[PDB]
Protein chains: 2
Amino acid sequence: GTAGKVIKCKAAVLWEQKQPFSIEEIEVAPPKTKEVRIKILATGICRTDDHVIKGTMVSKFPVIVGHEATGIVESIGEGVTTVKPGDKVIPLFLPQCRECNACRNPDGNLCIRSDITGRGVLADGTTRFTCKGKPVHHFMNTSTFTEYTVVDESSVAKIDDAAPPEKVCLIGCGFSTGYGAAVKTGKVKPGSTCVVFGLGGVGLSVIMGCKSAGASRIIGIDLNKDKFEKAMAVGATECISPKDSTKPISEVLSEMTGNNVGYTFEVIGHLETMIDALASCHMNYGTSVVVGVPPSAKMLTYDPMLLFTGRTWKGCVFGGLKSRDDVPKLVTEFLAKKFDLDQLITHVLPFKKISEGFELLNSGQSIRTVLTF
Amino acid sequence: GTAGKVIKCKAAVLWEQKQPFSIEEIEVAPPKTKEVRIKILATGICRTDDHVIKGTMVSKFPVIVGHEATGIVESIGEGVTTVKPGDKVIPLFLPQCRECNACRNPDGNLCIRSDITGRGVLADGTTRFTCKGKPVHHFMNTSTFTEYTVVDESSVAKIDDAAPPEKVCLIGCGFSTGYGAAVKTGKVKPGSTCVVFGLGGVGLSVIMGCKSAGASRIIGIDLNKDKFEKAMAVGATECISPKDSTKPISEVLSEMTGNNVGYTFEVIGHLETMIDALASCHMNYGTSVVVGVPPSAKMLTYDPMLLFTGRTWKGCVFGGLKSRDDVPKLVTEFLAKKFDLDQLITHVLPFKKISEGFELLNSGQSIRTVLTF
Ligand SMILES: NC(=O)c1ccc[n+]([C@@H]2O[C@H](COP(=O)([O-])OP(=O)(O)OC[C@H]3O[C@@H](n4cnc5c(N)ncnc54)[C@H](O)[C@@H]3O)[C@@H](O)[C@H]2O)c1
Ligand SMILES: NC(=O)c1ccc[n+]([C@@H]2O[C@H](COP(=O)([O-])OP(=O)(O)OC[C@H]3O[C@@H](n4cnc5c(N)ncnc54)[C@H](O)[C@@H]3O)[C@@H](O)[C@H]2O)c1
Ligand SMILES: [Zn+2]
Ligand SMILES: [Zn+2]
Ligand SMILES: [Zn+2]
Ligand SMILES: [Zn+2]
Ligand SMILES: [Zn+2]
Ligand SMILES: [Zn+2]
Ligand SMILES: [Zn+2]
Ligand SMILES: [Zn+2]
């Protein structure tokens, strides 16, 4: 078997920033203590991965990004008790050590293992993939744009065998974040009026969340009018584009709802919309959840009076879900015909066609692209 | 009687900003439809009143400030049905029409009638005071540094007759704000560790709030060490001064609590301290309530990652209390010996000694000074 020896395989390595991917043969060192080596079956293309290339999100290069996926367990390391080889799992970019401060805190989730610093290694303070002698860095405790990867046990959730790898892979980042941001983070209330800024893969996920919450009205806001039709299929009661009017978006939504915007979700990644998403929620009882990651090295400049009058402004990391616990239950839900992930997946391509997936994304012609292996 | 005629009396008029008060003979007009003319018995000095004179709070001039008070109803206009002359009432700077959007929403309170914009006038766009021919503007739908004042029915809470005026007047701003800030707005959890930025009159009220919540550890932060003693009496577990160490406060409180600071309240009004208060709470599950009023026309500049990690940031007005409903309830709790409001009252001076009251505060030698008539 391979269990115990260096594996050689294909990987969409990224040598520099703003540089294109190049599929290359790498050396997946076998798992160490409490580590697991996974064989990736399917991996989706999320906006975060695209951020790395553009420079909007820093990382150590060379890197093997990707984090939204699902695979089978090839071999487990020393001590691995939660999963055995053959098990269907989903790597988790947000760990759940079950011992750290937040992991202990019922209203927390950002484990101490989490890598939002751009460390590019595992707990061991080291890398598993090699290439041309050169070591290559991990991405957010995961790295799924590769045939095989190694993740700490703290980053592995075991899901149902019946789960179709192409659909459930969305649950590793896109759907769990969006859905949770509405249901968990913002705790949308039945009857409220939600408005989503960004009709992307994660945005539509929130729309679904609001739909499960019972939101009476859901307004989809997006620059690309071609997204509306799908947003509405998912649950949007109406959508609009910021350019439809010359008067501020906050005044638009204000007059549209009758100054009743109860919730607002920023799922884009721009400072400006982080502010008009805030402003667009009711000055007193409106909540504005920031789901999109702000551009690296940028500082937001705002009017405190927006917050002072009573606004609740909260951040969101993986829908505030506790990965090792929620990922499993969420997958069961999908199988329970609760929701339809099919409506988010617009393109399924083979890994070799990874550049087509990305471009289709930047072209605004694909919600979620699934790269199957 | 007076009921129906213009009253003449003394009031602490402020002709210009940066200018000293000036006790003068004013003419308080009789109340119009659904308005109430009240005779002020006691009025405390809030830091907000001081903001007006310093310019950090925009208001039209001339203006009769003051809003933390209690008095008795002298005459009621037509339609007034909630109160009758003789009644002991508390003027409300934050109205409660019971019909606007915020009023009808359970988790809101900033009623549409509020004057957070500096209008300086009653619902009918007019002012009741006059002085040397010249019109004098109200302050926050109240204006209490006068022997008499006129307010709209939506800004009048009918209290318990037995309530002592120079004590329950704190429930009109100071105590209601601070207490509600921790109990209602921030909903402090039993066992939590809270930190208070500012040990003034409102700050101390927050400590009493957290203490009521069951906060296992409360840390008071103030740069004026002489207030600590009072804080500790109020409920503080320990106090610190930002100057006591060179290592930024956020790192200090973290080392102090083992990165378990769950709640933070900014009760001072400085942009820099608002930042320090955000950073000071747990990056994933920490809440940071802003109670201080941010300086006029100034923007806040911070790092969005602080919020993105999961922190809750919320503003606070009147401790999130629904005025006409909560103020009465609060007073009774007071008479029921629930809280010791006397621990906040450091001075009681006659109205004409107002300037000393303000000096007392600016010299950091008084928590809450009550100016009695
Ligand atoms: N915090 C998290 O857990 C988390 C999870 C997933 C994704 N993200 C972040 O979410 C954001 C987007 O992710 P996605 O995967 O859903 O991407 P996506 O590309 O599919 O969607 C981007 C959406 O934003 C719209 N948009 C961009 N600029 C706009 C503007 N100026 N005004 C209005 N609309 C505009 C696009 O048209 C599209 O509708 C990024 O910040 C990504 O890093 C965060
Ligand atoms: N939002 C509201 O509903 C509401 C209600 C009442 C009062 N307020 C605001 O309350 C805020 C606090 O004022 P207050 O009424 O309690 O009176 P205050 O002036 O006495 O409180 C200031 C307190 O904070 C301390 N302080 C001042 N600058 C500081 C700094 N740089 N670093 C650390 N500590 C500092 C002072 O020593 C004092 O203890 C004011 O800004 C006032 O506008 C707001
Ligand atoms: Zn992602
Ligand atoms: Zn953890
Ligand atoms: Zn954009
Ligand atoms: Zn006040
Ligand atoms: Zn005027
Ligand atoms: Zn109202
Ligand atoms: Zn100060
Ligand atoms: Zn006492």
# chains A, B, ... in the order shown; residues from 1 in each chain; ligands from 1
$ closest_atom_pairs --of "chain A" --to "ligand 2" --cutoff "10 Å" --atoms "only C-alpha atoms and all ligand atoms" --output "Markdown table"
| residue | atom | partner | partner_atom_place_in_ligand_line | distance |
| --- | --- | --- | --- | --- |
| A:308 | CA | ligand 2 | 1 (N) | 7.2 |
| A:309 | CA | ligand 2 | 1 (N) | 8.0 |
| A:310 | CA | ligand 2 | 1 (N) | 9.2 |
$ closest_atom_pairs --of "chain B" --to "ligand 8" --cutoff "8 Å" --atoms "only C-alpha atoms and all ligand atoms" --output "tab-separated table"
residue	atom	partner	partner_atom_place_in_ligand_line	distance
B:95	CA	ligand 8	1 (Zn)	6.4
B:96	CA	ligand 8	1 (Zn)	4.3
B:97	CA	ligand 8	1 (Zn)	3.6
B:98	CA	ligand 8	1 (Zn)	4.8
B:99	CA	ligand 8	1 (Zn)	5.2
B:100	CA	ligand 8	1 (Zn)	4.2
B:101	CA	ligand 8	1 (Zn)	6.9
B:102	CA	ligand 8	1 (Zn)	6.3
B:103	CA	ligand 8	1 (Zn)	4.5
B:104	CA	ligand 8	1 (Zn)	7.5
B:109	CA	ligand 8	1 (Zn)	7.6
B:110	CA	ligand 8	1 (Zn)	7.2
B:111	CA	ligand 8	1 (Zn)	3.7
B:112	CA	ligand 8	1 (Zn)	5.2
B:113	CA	ligand 8	1 (Zn)	6.2
B:154	CA	ligand 8	1 (Zn)	7.9
$ write_last_selection --atoms "N, CA, C and O atoms" --output "compact mmCIF listing (two decimals), in the first residue's frame"
# COMPACT_ATOMS: atom_id res chain seq x y z
N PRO B 95 -37.63 59.72 23.87
CA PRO B 95 -39.09 59.53 23.87
C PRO B 95 -39.54 58.10 23.64
O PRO B 95 -38.73 57.22 23.38
N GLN B 96 -40.85 57.89 23.73
CA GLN B 96 -41.45 56.59 23.46
C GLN B 96 -42.88 56.77 22.98
O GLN B 96 -43.84 56.51 23.69
N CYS B 97 -43.02 57.21 21.74
CA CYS B 97 -44.33 57.45 21.12
C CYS B 97 -45.24 56.22 21.14
O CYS B 97 -46.46 56.35 21.00
N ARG B 98 -44.62 55.04 21.23
CA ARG B 98 -45.30 53.74 21.21
C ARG B 98 -45.88 53.39 19.84
O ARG B 98 -46.56 52.39 19.69
N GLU B 99 -45.56 54.18 18.82
CA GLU B 99 -46.08 53.92 17.49
C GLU B 99 -45.05 53.82 16.38
O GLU B 99 -45.36 53.31 15.31
N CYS B 100 -43.85 54.34 16.59
CA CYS B 100 -42.86 54.27 15.54
C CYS B 100 -42.29 52.87 15.43
O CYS B 100 -42.60 51.99 16.24
N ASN B 101 -41.51 52.66 14.38
CA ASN B 101 -40.88 51.38 14.09
C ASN B 101 -40.05 50.84 15.25
O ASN B 101 -40.24 49.70 15.66
N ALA B 102 -39.13 51.66 15.75
CA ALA B 102 -38.26 51.27 16.86
C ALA B 102 -39.06 51.00 18.12
O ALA B 102 -38.74 50.08 18.87
N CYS B 103 -40.08 51.81 18.37
CA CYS B 103 -40.91 51.62 19.54
C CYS B 103 -41.58 50.26 19.47
O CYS B 103 -41.47 49.48 20.40
N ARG B 104 -42.21 49.96 18.35
CA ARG B 104 -42.91 48.69 18.22
C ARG B 104 -42.03 47.45 18.13
O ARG B 104 -42.52 46.34 18.25
N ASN B 109 -35.41 50.94 20.92
CA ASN B 109 -35.89 51.95 21.85
C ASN B 109 -35.76 53.37 21.34
O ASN B 109 -36.56 54.23 21.71
N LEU B 110 -34.77 53.63 20.49
CA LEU B 110 -34.56 54.96 19.95
C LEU B 110 -35.78 55.38 19.15
O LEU B 110 -35.88 55.10 17.96
N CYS B 111 -36.75 55.99 19.83
CA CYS B 111 -37.97 56.43 19.17
C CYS B 111 -37.71 57.56 18.17
O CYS B 111 -36.82 58.39 18.37
N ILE B 112 -38.50 57.56 17.10
CA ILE B 112 -38.42 58.56 16.03
C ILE B 112 -38.40 60.01 16.51
O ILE B 112 -37.84 60.89 15.85
N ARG B 113 -39.01 60.26 17.67
CA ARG B 113 -39.10 61.60 18.21
C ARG B 113 -37.82 62.12 18.84
O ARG B 113 -37.64 63.32 18.96
N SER B 154 -44.80 62.21 25.16
CA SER B 154 -44.02 61.01 24.87
C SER B 154 -42.71 61.01 25.64
O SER B 154 -42.03 59.99 25.71
$ interface_residues --of "chain B" --to "chain A" --cutoff "7 Å" --atoms "only C-alpha atoms" --output "list in words"
residues 107, 108, 110, 284, 285, 290, 294, 298, 299, 300, 301, 302, 303, 304, 307, 308, 309, 310, 311, 312, 313, 314, 315, 316 and 317 of chain B
$ residues_around --residues "segment 324-337 of chain B" --least-positions-apart "3" --cutoff "9 Å" --atoms "only C-alpha atoms" --output "number ranges by chain"
B: 90, 92, 95-98, 154-160, 162-163, 168, 171-172, 176, 321, 340-341
$ write_last_selection --atoms "N, CA, C and O atoms" --output "PDB file, in the first residue's frame"
ATOM      1  N   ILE B  90     -40.492  62.140  35.497  1.00  0.00           N
ATOM      2  CA  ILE B  90     -39.095  62.234  35.060  1.00  0.00           C
ATOM      3  C   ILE B  90     -39.068  62.585  33.568  1.00  0.00           C
ATOM      4  O   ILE B  90     -39.630  61.858  32.739  1.00  0.00           O
ATOM      5  N   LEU B  92     -38.057  62.680  29.845  1.00  0.00           N
ATOM      6  CA  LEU B  92     -37.311  61.700  29.051  1.00  0.00           C
ATOM      7  C   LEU B  92     -36.643  62.273  27.794  1.00  0.00           C
ATOM      8  O   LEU B  92     -37.332  62.697  26.866  1.00  0.00           O
ATOM      9  N   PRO B  95     -37.635  59.715  23.872  1.00  0.00           N
ATOM     10  CA  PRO B  95     -39.089  59.534  23.872  1.00  0.00           C
ATOM     11  C   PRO B  95     -39.539  58.104  23.639  1.00  0.00           C
ATOM     12  O   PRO B  95     -38.728  57.221  23.384  1.00  0.00           O
ATOM     13  N   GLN B  96     -40.845  57.885  23.731  1.00  0.00           N
ATOM     14  CA  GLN B  96     -41.445  56.588  23.465  1.00  0.00           C
ATOM     15  C   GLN B  96     -42.879  56.772  22.982  1.00  0.00           C
ATOM     16  O   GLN B  96     -43.836  56.508  23.695  1.00  0.00           O
ATOM     17  N   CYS B  97     -43.017  57.212  21.741  1.00  0.00           N
ATOM     18  CA  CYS B  97     -44.325  57.445  21.123  1.00  0.00           C
ATOM     19  C   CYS B  97     -45.237  56.220  21.143  1.00  0.00           C
ATOM     20  O   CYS B  97     -46.456  56.350  21.004  1.00  0.00           O
ATOM     21  N   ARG B  98     -44.618  55.040  21.227  1.00  0.00           N
ATOM     22  CA  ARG B  98     -45.302  53.743  21.215  1.00  0.00           C
ATOM     23  C   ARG B  98     -45.877  53.391  19.836  1.00  0.00           C
ATOM     24  O   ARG B  98     -46.559  52.389  19.687  1.00  0.00           O
ATOM     25  N   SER B 154     -44.801  62.210  25.161  1.00  0.00           N
ATOM     26  CA  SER B 154     -44.015  61.012  24.866  1.00  0.00           C
ATOM     27  C   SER B 154     -42.707  61.008  25.645  1.00  0.00           C
ATOM     28  O   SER B 154     -42.035  59.990  25.713  1.00  0.00           O
ATOM     29  N   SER B 155     -42.340  62.153  26.210  1.00  0.00           N
ATOM     30  CA  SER B 155     -41.115  62.271  26.980  1.00  0.00           C
ATOM     31  C   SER B 155     -41.400  62.474  28.462  1.00  0.00           C
ATOM     32  O   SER B 155     -40.642  63.151  29.163  1.00  0.00           O
ATOM     33  N   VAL B 156     -42.489  61.897  28.951  1.00  0.00           N
ATOM     34  CA  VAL B 156     -42.804  62.020  30.363  1.00  0.00           C
ATOM     35  C   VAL B 156     -43.136  60.675  30.974  1.00  0.00           C
ATOM     36  O   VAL B 156     -44.073  60.008  30.554  1.00  0.00           O
ATOM     37  N   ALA B 157     -42.343  60.276  31.956  1.00  0.00           N
ATOM     38  CA  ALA B 157     -42.594  59.029  32.663  1.00  0.00           C
ATOM     39  C   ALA B 157     -43.136  59.376  34.066  1.00  0.00           C
ATOM     40  O   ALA B 157     -42.516  60.154  34.806  1.00  0.00           O
ATOM     41  N   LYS B 158     -44.325  58.866  34.386  1.00  0.00           N
ATOM     42  CA  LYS B 158     -44.937  59.096  35.689  1.00  0.00           C
ATOM     43  C   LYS B 158     -44.360  58.122  36.747  1.00  0.00           C
ATOM     44  O   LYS B 158     -44.610  56.910  36.703  1.00  0.00           O
ATOM     45  N   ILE B 159     -43.610  58.659  37.708  1.00  0.00           N
ATOM     46  CA  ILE B 159     -42.994  57.827  38.732  1.00  0.00           C
ATOM     47  C   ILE B 159     -43.766  57.751  40.037  1.00  0.00           C
ATOM     48  O   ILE B 159     -44.815  58.362  40.184  1.00  0.00           O
ATOM     49  N   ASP B 160     -43.245  56.934  40.950  1.00  0.00           N
ATOM     50  CA  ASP B 160     -43.804  56.707  42.284  1.00  0.00           C
ATOM     51  C   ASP B 160     -43.601  57.963  43.138  1.00  0.00           C
ATOM     52  O   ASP B 160     -42.475  58.454  43.267  1.00  0.00           O
ATOM     53  N   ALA B 162     -43.410  58.502  46.339  1.00  0.00           N
ATOM     54  CA  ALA B 162     -42.457  58.385  47.438  1.00  0.00           C
ATOM     55  C   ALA B 162     -40.992  58.512  47.019  1.00  0.00           C
ATOM     56  O   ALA B 162     -40.120  58.671  47.871  1.00  0.00           O
ATOM     57  N   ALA B 163     -40.723  58.447  45.717  1.00  0.00           N
ATOM     58  CA  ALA B 163     -39.358  58.500  45.211  1.00  0.00           C
ATOM     59  C   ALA B 163     -38.678  59.820  45.519  1.00  0.00           C
ATOM     60  O   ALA B 163     -39.177  60.875  45.163  1.00  0.00           O
ATOM     61  N   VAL B 168     -33.530  59.654  42.728  1.00  0.00           N
ATOM     62  CA  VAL B 168     -34.077  58.997  41.548  1.00  0.00           C
ATOM     63  C   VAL B 168     -33.839  59.768  40.228  1.00  0.00           C
ATOM     64  O   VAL B 168     -34.073  59.248  39.135  1.00  0.00           O
ATOM     65  N   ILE B 171     -31.876  58.146  37.501  1.00  0.00           N
ATOM     66  CA  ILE B 171     -32.555  57.177  36.657  1.00  0.00           C
ATOM     67  C   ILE B 171     -33.027  57.784  35.318  1.00  0.00           C
ATOM     68  O   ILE B 171     -33.514  57.079  34.438  1.00  0.00           O
ATOM     69  N   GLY B 172     -32.821  59.089  35.157  1.00  0.00           N
ATOM     70  CA  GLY B 172     -33.214  59.769  33.938  1.00  0.00           C
ATOM     71  C   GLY B 172     -32.132  59.776  32.874  1.00  0.00           C
ATOM     72  O   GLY B 172     -32.343  60.285  31.773  1.00  0.00           O
ATOM     73  N   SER B 176     -29.697  54.702  34.421  1.00  0.00           N
ATOM     74  CA  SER B 176     -30.444  53.935  33.430  1.00  0.00           C
ATOM     75  C   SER B 176     -29.525  53.485  32.297  1.00  0.00           C
ATOM     76  O   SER B 176     -29.539  52.325  31.896  1.00  0.00           O
ATOM     77  N   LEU B 321     -33.074  50.816  27.029  1.00  0.00           N
ATOM     78  CA  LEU B 321     -34.330  50.755  27.747  1.00  0.00           C
ATOM     79  C   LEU B 321     -35.452  51.446  26.997  1.00  0.00           C
ATOM     80  O   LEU B 321     -35.212  52.399  26.255  1.00  0.00           O
ATOM     81  N   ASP B 340     -28.184  50.997  45.458  1.00  0.00           N
ATOM     82  CA  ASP B 340     -27.795  52.156  46.241  1.00  0.00           C
ATOM     83  C   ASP B 340     -27.287  53.287  45.360  1.00  0.00           C
ATOM     84  O   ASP B 340     -26.079  53.402  45.120  1.00  0.00           O
ATOM     85  N   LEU B 341     -28.218  54.137  44.917  1.00  0.00           N
ATOM     86  CA  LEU B 341     -27.921  55.277  44.045  1.00  0.00           C
ATOM     87  C   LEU B 341     -27.146  56.375  44.748  1.00  0.00           C
ATOM     88  O   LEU B 341     -26.571  57.268  44.115  1.00  0.00           O
TER      89      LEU B 341
END
$ closest_atom_pairs --of "chain A" --to "ligand 1" --cutoff "7 Å" --atoms "only C-alpha atoms and all ligand atoms" --output "Markdown table"
| residue | atom | partner | partner_atom_place_in_ligand_line | distance |
| --- | --- | --- | --- | --- |
| A:46 | CA | ligand 1 | 15 (O) | 4.2 |
| A:47 | CA | ligand 1 | 15 (O) | 3.9 |
| A:48 | CA | ligand 1 | 43 (O) | 3.8 |
| A:51 | CA | ligand 1 | 43 (O) | 6.7 |
| A:173 | CA | ligand 1 | 6 (C) | 5.7 |
| A:174 | CA | ligand 1 | 6 (C) | 5.2 |
| A:177 | CA | ligand 1 | 3 (O) | 5.1 |
| A:197 | CA | ligand 1 | 34 (N) | 6.3 |
| A:198 | CA | ligand 1 | 24 (O) | 4.0 |
| A:199 | CA | ligand 1 | 39 (O) | 3.7 |
| A:200 | CA | ligand 1 | 21 (O) | 3.2 |
| A:201 | CA | ligand 1 | 16 (O) | 4.1 |
| A:202 | CA | ligand 1 | 16 (O) | 3.7 |
| A:203 | CA | ligand 1 | 16 (O) | 5.4 |
| A:221 | CA | ligand 1 | 33 (C) | 6.6 |
| A:222 | CA | ligand 1 | 34 (N) | 4.3 |
| A:223 | CA | ligand 1 | 34 (N) | 4.6 |
| A:224 | CA | ligand 1 | 37 (O) | 5.0 |
| A:227 | CA | ligand 1 | 39 (O) | 6.9 |
| A:242 | CA | ligand 1 | 33 (C) | 6.6 |
| A:267 | CA | ligand 1 | 11 (C) | 5.0 |
| A:268 | CA | ligand 1 | 11 (C) | 4.1 |
| A:269 | CA | ligand 1 | 41 (O) | 3.7 |
| A:270 | CA | ligand 1 | 31 (N) | 6.6 |
| A:273 | CA | ligand 1 | 32 (N) | 6.5 |
| A:291 | CA | ligand 1 | 1 (N) | 4.7 |
| A:292 | CA | ligand 1 | 41 (O) | 3.4 |
| A:293 | CA | ligand 1 | 41 (O) | 4.0 |
| A:294 | CA | ligand 1 | 41 (O) | 6.4 |
| A:316 | CA | ligand 1 | 1 (N) | 5.4 |
| A:317 | CA | ligand 1 | 3 (O) | 4.2 |
| A:318 | CA | ligand 1 | 3 (O) | 3.8 |
| A:319 | CA | ligand 1 | 3 (O) | 6.2 |
| A:361 | CA | ligand 1 | 19 (O) | 6.5 |
| A:364 | CA | ligand 1 | 37 (O) | 6.5 |
| A:367 | CA | ligand 1 | 20 (O) | 5.4 |
| A:368 | CA | ligand 1 | 20 (O) | 6.9 |
$ write_last_selection --atoms "N, CA, C and O atoms" --output "short mmCIF file (atom, residue, chain, number, x, y, z; two decimals), in the first residue's frame"
data_model
loop_
_atom_site.label_atom_id
_atom_site.label_comp_id
_atom_site.auth_asym_id
_atom_site.auth_seq_id
_atom_site.Cartn_x
_atom_site.Cartn_y
_atom_site.Cartn_z
N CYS A 46 -13.60 28.63 -4.22
CA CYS A 46 -14.13 29.72 -3.38
C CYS A 46 -13.32 31.00 -3.57
O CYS A 46 -12.10 30.96 -3.78
N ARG A 47 -13.99 32.14 -3.44
CA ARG A 47 -13.37 33.45 -3.65
C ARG A 47 -12.09 33.71 -2.85
O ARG A 47 -11.23 34.50 -3.27
N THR A 48 -11.96 33.04 -1.70
CA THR A 48 -10.79 33.20 -0.86
C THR A 48 -9.55 32.73 -1.59
O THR A 48 -8.53 33.41 -1.60
N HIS A 51 -8.35 35.11 -3.86
CA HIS A 51 -7.75 36.24 -3.17
C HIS A 51 -6.24 36.12 -3.08
O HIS A 51 -5.52 37.09 -3.30
N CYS A 173 -16.91 25.09 3.42
CA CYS A 173 -16.66 26.54 3.52
C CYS A 173 -17.87 27.36 3.05
O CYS A 173 -18.55 27.97 3.86
N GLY A 174 -18.17 27.29 1.76
CA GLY A 174 -19.25 28.07 1.17
C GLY A 174 -20.63 28.05 1.79
O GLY A 174 -21.18 29.10 2.07
N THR A 177 -20.62 28.50 5.98
CA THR A 177 -20.44 29.90 6.34
C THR A 177 -21.70 30.71 6.06
O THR A 177 -22.27 31.30 6.96
N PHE A 197 -25.52 41.50 0.74
CA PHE A 197 -24.62 42.23 -0.14
C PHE A 197 -23.63 41.24 -0.76
O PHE A 197 -22.65 40.84 -0.11
N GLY A 198 -23.91 40.84 -2.00
CA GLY A 198 -23.05 39.89 -2.70
C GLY A 198 -23.85 38.64 -2.99
O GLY A 198 -24.24 37.93 -2.07
N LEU A 199 -24.12 38.39 -4.27
CA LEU A 199 -24.87 37.20 -4.67
C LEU A 199 -23.93 36.15 -5.24
O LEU A 199 -24.02 35.78 -6.41
N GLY A 200 -22.97 35.73 -4.41
CA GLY A 200 -22.01 34.73 -4.80
C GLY A 200 -22.40 33.36 -4.27
O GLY A 200 -23.56 33.13 -3.92
N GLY A 201 -21.42 32.47 -4.19
CA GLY A 201 -21.67 31.13 -3.70
C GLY A 201 -22.05 31.14 -2.25
O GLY A 201 -22.97 30.45 -1.85
N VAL A 202 -21.34 31.95 -1.47
CA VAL A 202 -21.59 32.07 -0.04
C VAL A 202 -22.79 32.96 0.22
O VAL A 202 -23.55 32.69 1.14
N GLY A 203 -22.94 34.01 -0.57
CA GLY A 203 -24.08 34.90 -0.43
C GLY A 203 -25.41 34.16 -0.54
O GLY A 203 -26.25 34.25 0.34
N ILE A 221 -28.57 41.92 -3.16
CA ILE A 221 -27.91 43.07 -3.77
C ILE A 221 -26.65 42.63 -4.47
O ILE A 221 -25.76 42.04 -3.85
N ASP A 222 -26.57 42.90 -5.77
CA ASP A 222 -25.40 42.50 -6.54
C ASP A 222 -25.22 43.27 -7.84
O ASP A 222 -26.19 43.57 -8.53
N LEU A 223 -23.96 43.57 -8.15
CA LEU A 223 -23.58 44.32 -9.35
C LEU A 223 -23.85 43.53 -10.64
O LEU A 223 -23.98 44.11 -11.71
N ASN A 224 -23.86 42.21 -10.54
CA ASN A 224 -24.09 41.36 -11.69
C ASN A 224 -25.55 40.94 -11.75
O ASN A 224 -25.99 40.07 -10.98
N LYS A 227 -27.01 37.24 -11.81
CA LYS A 227 -27.09 36.44 -10.59
C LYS A 227 -28.52 36.41 -10.02
O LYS A 227 -28.97 35.39 -9.52
N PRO A 242 -26.59 48.09 -7.09
CA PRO A 242 -26.21 49.41 -6.57
C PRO A 242 -26.28 50.51 -7.63
O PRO A 242 -26.62 51.64 -7.31
N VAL A 267 -21.27 39.95 2.13
CA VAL A 267 -20.56 38.78 1.68
C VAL A 267 -19.86 39.11 0.36
O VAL A 267 -20.20 38.58 -0.69
N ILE A 268 -18.89 40.02 0.41
CA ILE A 268 -18.17 40.41 -0.78
C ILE A 268 -16.66 40.49 -0.52
O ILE A 268 -15.89 39.73 -1.09
N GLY A 269 -16.26 41.41 0.34
CA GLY A 269 -14.86 41.58 0.68
C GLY A 269 -14.33 42.98 0.40
O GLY A 269 -13.12 43.18 0.35
N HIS A 270 -15.21 43.96 0.23
CA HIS A 270 -14.78 45.33 -0.02
C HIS A 270 -15.09 46.20 1.17
O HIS A 270 -16.17 46.07 1.75
N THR A 273 -18.49 48.47 0.77
CA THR A 273 -19.74 47.77 1.02
C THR A 273 -19.83 47.24 2.44
O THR A 273 -20.92 46.88 2.91
N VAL A 291 -19.34 38.98 6.57
CA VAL A 291 -18.90 37.64 6.20
C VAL A 291 -17.67 37.64 5.29
O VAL A 291 -16.81 36.76 5.40
N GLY A 292 -17.59 38.62 4.40
CA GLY A 292 -16.46 38.70 3.50
C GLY A 292 -15.22 39.18 4.22
O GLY A 292 -15.30 40.07 5.06
N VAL A 293 -14.06 38.63 3.85
CA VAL A 293 -12.78 39.01 4.47
C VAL A 293 -12.26 40.32 3.90
O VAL A 293 -12.21 40.51 2.68
N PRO A 294 -11.95 41.28 4.78
CA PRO A 294 -11.44 42.57 4.33
C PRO A 294 -10.06 42.40 3.71
O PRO A 294 -9.28 41.55 4.14
N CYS A 316 -17.87 37.36 11.10
CA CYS A 316 -18.27 35.98 10.89
C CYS A 316 -17.16 35.13 10.33
O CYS A 316 -16.57 35.46 9.30
N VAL A 317 -16.86 34.04 11.02
CA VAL A 317 -15.85 33.09 10.59
C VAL A 317 -16.55 31.75 10.55
O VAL A 317 -17.09 31.29 11.56
N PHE A 318 -16.60 31.17 9.36
CA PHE A 318 -17.23 29.88 9.13
C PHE A 318 -18.61 29.79 9.77
O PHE A 318 -18.89 28.86 10.52
N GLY A 319 -19.44 30.78 9.50
CA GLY A 319 -20.80 30.81 10.03
C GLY A 319 -20.90 30.57 11.53
O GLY A 319 -21.94 30.14 12.01
N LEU A 361 -15.21 32.02 -12.74
CA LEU A 361 -15.54 32.68 -11.48
C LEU A 361 -15.35 34.17 -11.62
O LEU A 361 -16.25 34.95 -11.33
N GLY A 364 -17.78 36.02 -13.62
CA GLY A 364 -19.11 36.20 -13.06
C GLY A 364 -20.11 35.30 -13.75
O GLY A 364 -21.31 35.63 -13.84
N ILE A 367 -21.50 30.26 -10.10
CA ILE A 367 -21.72 30.48 -8.67
C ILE A 367 -20.67 29.65 -7.96
O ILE A 367 -19.72 30.19 -7.37
N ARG A 368 -20.82 28.33 -8.03
CA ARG A 368 -19.85 27.42 -7.44
C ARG A 368 -19.39 26.36 -8.44
O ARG A 368 -20.21 25.67 -9.05
#
$ atom_distance --atom1 "atom CA of residue 50 of chain A" --atom2 "atom CA of residue 279 of chain B"
29.2 Å
$ residues_around --residues "segment 217-219 of chain A" --least-positions-apart "2" --cutoff "6 Å" --atoms "only C-alpha atoms" --output "PyMOL selection string"
chain A and resi 193-195+215+236-239
$ write_last_selection --atoms "C-alpha atoms" --output "short mmCIF file (atom, residue, chain, number, x, y, z; two decimals), in the first residue's frame"
data_model
loop_
_atom_site.label_atom_id
_atom_site.label_comp_id
_atom_site.auth_asym_id
_atom_site.auth_seq_id
_atom_site.Cartn_x
_atom_site.Cartn_y
_atom_site.Cartn_z
CA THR A 193 -36.22 41.72 6.53
CA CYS A 194 -32.84 40.49 5.40
CA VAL A 195 -30.67 42.04 2.69
CA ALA A 215 -37.25 35.98 7.06
CA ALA A 236 -34.54 36.10 -2.68
CA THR A 237 -37.86 37.97 -2.79
CA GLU A 238 -36.22 40.64 -4.93
CA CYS A 239 -32.76 41.78 -5.94
#
